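Remarks on the overall topology
For reference, the chains in residue letters:
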Protein chains: 2
Amino acid sequence: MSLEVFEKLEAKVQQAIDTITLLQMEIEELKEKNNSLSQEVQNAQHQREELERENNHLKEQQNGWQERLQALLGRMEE
Amino acid sequence: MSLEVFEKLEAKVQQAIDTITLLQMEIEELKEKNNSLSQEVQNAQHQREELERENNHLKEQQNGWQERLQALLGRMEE
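As stated in the entry header, the method of structure determination is X-ray crystallography and the reported resolution is 2.80 Å.

Going by the annotation in the PDB entry, the name recorded for chain A is CELL DIVISION PROTEIN ZAPB, with Escherichia coli given as the source organism.

Spelled out as structure tokens, the structure:
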């Protein structure tokens, strides 16, 4: 093996290795960009499930007044 | 019923109504603020499920090179 065959090889080994790297970086970034979105889908869910609750508190309170308004009108019509 | 009993009533009716209102508004805003968050939890999911796919494309392609490197080294050691 001439210093010529050899060096054309040592340089391909590099590049194969550079890329196993780089690619492992790109993997690491998605593993993380996805963990960030997981976290987001969690605060969106913990927030949505907490609207449905305030919503029900109000609808109930408004059906409260919706009668206090109907009481009030009956008292006025007599 | 004096113009006095009457007007103290007509004014409470108002306020019962004003609030059936206002509250119906607050309902409408949550019905919507929640629909906005539903839409977000959908693009987060359609995006996360699309990372898991690019991720697997790379890990595969990196296991590609991970041998192209090992092929390359065997050729250099003979």
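The subject of this paragraph is a positive patch on the surface. Together, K8 and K12 of chain A together with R68 and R75 of chain B give the surface a local cluster of positive charge. Elements represented by at least two residues in the positive patch include exactly α1 (3–76) of chain A together with α2 (45–76) of chain B. With respect to the secondary-structure elements, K12 of chain A resides in helix α1.

Here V13 of chain A is to be found in helix α1. Here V13 of chain A falls in the buried class, since its relative accessible area comes to 13%. Note: C-alpha distance between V13 of chain A and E60 of chain A (47 residues apart in sequence) is 70 Å. For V13 of chain A, the contacting residues outside a window of four places in its chain are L69, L72 and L73 of chain B.

Of the residues lining the interface, 42 residues belong to chain A; the matching set on chain B comes to 42 residues. Of the roughly 4,200 Å² buried at the junction of chain A and chain B (both faces included), carbon and sulfur atoms supply 73%. The interface formed by chain A and chain B includes zero salt bridges. Linking chain A to chain B there are four residue pairs in polar contact. Classifying every residue of the side of chain A that touches chain B by side-chain character gives 20 nonpolar, eleven polar and eleven charged.

With that out of the way, let us pick up a nonpolar patch on the surface. Residue and element names in this part refer to chain A. Taken together, the side chains of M1, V5 and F6 present a nonpolar region at the surface, about 280 Å² in accessible area. Among the secondary structure elements, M1 is positioned in the segment before α1. Assessed through its relative accessible area of 56%, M1 is described here as exposed.

What counts and what doesn't
- Residues numbered from 1 in each chain as written, not as in the entry; some residues may be left out.
- Chains lettered and ligands numbered in written order.
- Heavy atoms only, no water.
- Patch = residues over 30% accessible without salt bridge, like charges linked within 9 Å, V, L, I, M, F, W, Y side chains within 5 Å.
- Areas by Shrake-Rupley, 256 points an atom, 1.4 Å probe, with all protein chains shown as cover.
- Salt bridge = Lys/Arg side-chain N within 4 Å of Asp/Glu carboxyl O.
- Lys, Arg positive; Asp, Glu negative; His and termini not counted.
- Charge placed at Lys NZ, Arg CZ, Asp CG, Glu CD.
- Helix = DSSP H or I, 4+ residues; strand = E, 2+ residues; numbered from the N terminus.
- Buried < 20%, exposed > 50% of the residue type's maximum accessible area, 1.4 Å probe, protein only.
- Contact = heavy atoms within 4.5 Å.
- Buried area = accessible area lost by both parts, 1.4 Å probe.
- Polar contact = N/O pair within 3.5 Å; in protein donor to acceptor, adjacent residues only side chain to side chain.
- Nonpolar A, V, L, I, M, F, W, Y, C, P; charged D, E, K, R; others polar.

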